[PDB]
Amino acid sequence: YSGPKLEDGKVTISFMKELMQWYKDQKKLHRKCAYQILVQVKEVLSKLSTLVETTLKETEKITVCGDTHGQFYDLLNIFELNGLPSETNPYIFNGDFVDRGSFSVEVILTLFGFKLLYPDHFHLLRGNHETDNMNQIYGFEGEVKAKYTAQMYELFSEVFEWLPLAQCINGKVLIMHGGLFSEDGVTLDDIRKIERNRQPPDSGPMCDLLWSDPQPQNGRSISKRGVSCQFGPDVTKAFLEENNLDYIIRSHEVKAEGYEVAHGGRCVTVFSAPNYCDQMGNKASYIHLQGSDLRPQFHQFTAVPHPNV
């Protein structure tokens, strides 16, 4: 085994560069190294609030990416286009790192490696795919068992339970994978108090955060997904006004251009898996925000070649 090795048990920037090249060339990280990343990132995540609150000073920026779906070569493309994560190049990946794509293991351990490397500047939010149910059906359980073992998969499942559910920047922008709620009156404080270290329930705020979608017309509809709801611009406007918020950013839906701005500016979708499942032909995008100007700046990109699996 001449693969990447942690230095004194810990992730370093040179380990992360070696790991990305290793994965680029389709090689597997040793199980003992994958195990150390998982137990260590579980500990880092378990100390976070369910709502991560982040302050961006006037001169600080952050990049927000949407779903990635084990599209590891597209993830490398993001880092090449936009730079490696660092203290001065922070990132938020807004759920759905795994399932669907064929390199879910490579995506998730690269993201976990950077969460360990820059814990205050690299943020992972839970999506509907970071759950047992989904993973058993849509490929991630299957991939982890093939490359490692069922026991490794059980450990991934436990780390995923500690992923925070939402992030608020400057008390003004709220980010979550799915969207807003099936009921009026939910506050930031209610989100903060969600006991999240579980599989989501079938209904309620934790479910909505991971599963809801915006709709154009006023009101709420029963979701065509079978879980949670669709919420109209009246919902978003009420929620933003009660919580003193400017807009929300969410992901969870494929968009031809890689993004959409709904609800008159108030509900942004960002989606980061270009040519999703090698079939959709969509562009992806990521968002820039800065402390002095939280209006979203969209950066479009397209799919890059990946090994034929």
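Heads up: residue numbers just count along the shown sequence, starting at 1.
**Student:** I need to verify one thing: averaged over C-alpha atoms only, is the B-factor higher for 218-226 or for 120-128?
**Tutor:** Stretch with the higher mean C-alpha B-factor: 218-226.
**Student:** Comparing 110-118 with 147-155, which has the greater mean CA B-factor as deposited?
**Tutor:** 147-155 has the higher mean C-alpha B-factor.
**Student:** Identify, among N77, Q71, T236, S203, the residue whose C-alpha carries the highest B-factor in the deposited PDB entry.
**Tutor:** In the PDB entry, the greatest C-alpha B-factor among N77, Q71, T236, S203 is found at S203.
**Student:** Could you check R250, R266, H30, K255 and tell me which one carries the biggest Cα B-factor in the deposited entry?
**Tutor:** By C-alpha B-factor in the record, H30 ranks first.
**Student:** Comparing against every modelled residue in the chain, figure out the third that the C-alpha B-factor of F231 lands in (lowest, middle or highest).
**Tutor:** Tercile = lowest for this residue's CA B-factor.
**Student:** Mind checking which third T12 falls in for C-alpha B-factor across the chain?
**Tutor:** Middle third.
**Student:** Pull the Cα B-factor of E161 out of the PDB entry and bin it into the chain's lowest, middle or highest third.
**Tutor:** Lowest third of the chain for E161's C-alpha B-factor.
**Student:** Taking the entry's C-alpha B-factors for this chain, is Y138 in the lowest, middle or highest third?
**Tutor:** Its C-alpha B-factor belongs to the highest third of this chain's values.
**Student:** Once the chain's modelled residues are ordered by C-alpha B factor and cut into thirds, is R198 in the lowest, middle or highest one?
**Tutor:** Its C-alpha B-factor belongs to the middle third of this chain's values.
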